[PDB]
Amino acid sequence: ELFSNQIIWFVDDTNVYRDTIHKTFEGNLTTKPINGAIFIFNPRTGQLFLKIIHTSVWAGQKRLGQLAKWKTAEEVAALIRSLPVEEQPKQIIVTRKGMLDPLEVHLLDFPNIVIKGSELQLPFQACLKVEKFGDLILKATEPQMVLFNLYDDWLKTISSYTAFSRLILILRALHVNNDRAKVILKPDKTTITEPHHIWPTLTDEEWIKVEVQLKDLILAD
């Protein structure tokens, strides 16, 4: 399925509508939208299209959580239209079932694209506390798209399958227990992440140990 000659995108809309809530001194709830993002991810190549969603899009609107699914579908369609046909996905896998109907209705001009849901646990939400992404999203003053390579230099020495599995363990572990996962991912005082990389520079042996530890962290839940 994944990794063939077919271009596949995972689309995660979870983080499009975000807010903070607090109690006023008068005892009422204040809900303040904050910037969000769509994650559109190619598991073969590691390519991420990060569409930052600025809070201005919600101006004058209600039911923002529901509207966000439709915004997501509109943005996926716009991205597809901006790409040459040879770069357009053959399959889009939505991580949440609420995306199925909105995306169906917005992709009617793309009969070659198959849309399906998934039960896979792919928490791109964890990226919001990876500082690179977190501050970029927080501080944006308008919508924009940013490209990333979520596999860093891994594909020089491992397959797409291996890289995808590593990424998922990282994201799930960060999701389950951010603080512990970050410790696991920094095995040495001298462990660094390159400025243009997302993840640390680790030896092959270090990654073996990391992968087991991340898996165990996810199991411990």
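One rule holds for the numbers: they count along the sequence shown, beginning at 1.
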Between the two ranges 7-15 and 198-206, the one averaging a larger CA B factor in the entry: 198-206
Do the CA atoms of 73-81 or those of 103-111 have the higher mean B-factor in the entry? 103-111
Quick one: which of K51, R172, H54, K182 has the biggest Cα B-factor according to the entry? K182
So among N35, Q47, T162, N178, who wins on Cα B-factor in the entry? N178
Modelled-residue ranking by C-alpha temperature factor, third containing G60: highest
Just say lowest, middle or highest third for the CA B-factor of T193 relative to the other modelled residues in its chain. highest
Please rank the C-alpha B-factors of the chain's modelled residues and tell me whether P89 sits in the lowest, middle or highest third. lowest
Could you say whether, by C-alpha temperature factor, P187 belongs to the lowest, middle or highest third of its chain? highest
Assigned third (lowest, middle, highest) for the C-alpha B factor of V130: highest
